[PDB]
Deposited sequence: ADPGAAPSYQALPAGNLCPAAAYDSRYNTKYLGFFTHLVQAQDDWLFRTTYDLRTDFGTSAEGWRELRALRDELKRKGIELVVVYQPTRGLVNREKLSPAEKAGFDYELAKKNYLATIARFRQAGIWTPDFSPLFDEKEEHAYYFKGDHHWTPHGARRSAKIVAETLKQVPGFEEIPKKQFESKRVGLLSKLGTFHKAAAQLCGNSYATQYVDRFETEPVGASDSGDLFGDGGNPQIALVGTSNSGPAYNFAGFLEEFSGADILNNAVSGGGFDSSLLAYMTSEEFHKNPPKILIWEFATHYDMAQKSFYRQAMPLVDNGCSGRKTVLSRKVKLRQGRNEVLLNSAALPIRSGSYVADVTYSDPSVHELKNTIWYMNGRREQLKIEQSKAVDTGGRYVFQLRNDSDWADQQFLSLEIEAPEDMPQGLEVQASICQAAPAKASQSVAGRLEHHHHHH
């Protein structure tokens, strides 16, 4: 039913289109993406695995256990919706093997990791995935949350977490015209039916003993993508099957990084850290991205908050370059053991362009893009570079390139010792 042009990866050469490379027509109105859905490669580089373990450890030091929800591919779960040709062409066993190996590597990094493989190659009346979209249906989210809940119960400390009874009810229908279907419409002029599935919500029921473990506060937090959003009720099913409150901090559009970064920038996170942090994302993200970890690591301990700065200053941004902090007294500030903490006056500024000068004339240009949908109060936090040959350098200056900058916009920067 798809037009011939749809079969060529080079036809998907744009921003919108690159998320669909390339579309194939399966049974009924099922579409699959070859590179996203029918992939056989999973995981990350050795550096990625080291960064994941380091982050897990930092979290563990703070009394936080990490659970990763590694959402499986549409190909692994809904294999059977493929055409016989496509099914024959999709190396399902290789994909499954590589996926499971990746799950094992998560575990080896000290991360609790639910195994979704019993859901693979499913035969279910309510399909795990939408026909022409990248989101799971609520039923998919539900079957996933049952397994995750089983992992949560194994997590050290889970027994002390306050327990409640939750019930999930269907409260309406959820309409979705899938993104793959829309992409195919743009490419081929095709037209696909909007899907309507069961929409669910979850509520506490019963009496208001076990409710008061850990003083009664919620102890489990969820960070994630649009998949953990309210429409699919992933958090609600987690509560239903686990008996525990789930603080949902998912960010739609946030991808791999945004939700967790915004959450760990929040004050409540550092005031009352969760015993358990659940982290949900899919298989196409680059898990080794260094600028992610440079923020996440120092964010575990609230950057410079509560702790004395060696330098601190507030300047109004001019168009272009702004020198923000200058070590004019030539104080001892070793890079690979120092941290930056920075706050815009306008919380709607979702981009930060930094230049870091050292006493040897070298420079680092660090550019941090933040999701449009989050609000960290305009705050950003990052470690000074500690690559092989940078950790040793003496800090000289921090400069900030102005953002469509709001008028009057100022910025507050501070540099502190790291623990």
| Can you list the gaps, numbered from 1 on the deposited sequence, where no C-alpha is modelled? | 1-15, 224-225, 421, 438-456
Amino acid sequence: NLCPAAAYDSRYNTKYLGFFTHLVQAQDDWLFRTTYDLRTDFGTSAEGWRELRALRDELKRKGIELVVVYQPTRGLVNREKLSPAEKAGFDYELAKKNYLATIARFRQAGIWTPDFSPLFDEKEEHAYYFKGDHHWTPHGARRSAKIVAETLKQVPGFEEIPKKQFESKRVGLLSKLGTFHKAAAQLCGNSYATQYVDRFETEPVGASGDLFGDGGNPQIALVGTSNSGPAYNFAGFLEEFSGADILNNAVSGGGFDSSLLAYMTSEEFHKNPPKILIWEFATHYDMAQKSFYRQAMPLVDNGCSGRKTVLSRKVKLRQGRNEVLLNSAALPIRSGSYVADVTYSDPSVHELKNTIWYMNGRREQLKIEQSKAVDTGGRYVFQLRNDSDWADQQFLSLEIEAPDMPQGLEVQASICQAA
From here on, numbers count along this sequence of modelled residues.
| query | Out of 243-251 and 88-96, which stretch has the higher average CA B-factor listed in the record? | reply | 88-96
| Average Cα temperature factor in the PDB entry - higher stretch of 351-359, 32-40 | 351-359
| query | Which one of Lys308, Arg105, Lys131, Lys146 shows the top CA temperature factor in the record? | reply | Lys308
| Hey, out of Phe256, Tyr344, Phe237, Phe116, whose CA B-factor is highest in the deposited coordinates? | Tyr344
| said: Ranking the modelled residues of this chain by C-alpha B-factor as given in the entry, is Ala373 in the lowest, middle or highest third? | reply: middle
| message | Split into thirds by Cα B-factor across the chain's modelled residues, where does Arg11 land: lowest, middle or highest? | response | middle
| task | Consider only the C-alpha atoms of the modelled residues in this chain, order them by B-factor as the entry records it, and name the third containing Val67: lowest, middle or highest. | result | lowest
| query | Which third of the chain does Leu76 land in by C-alpha B-factor: lowest, middle or highest? | reply | lowest
| said: Using the temperature factors of the C-alpha atoms in this entry, rank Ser397 within its chain: lowest, middle or highest third. | reply: highest
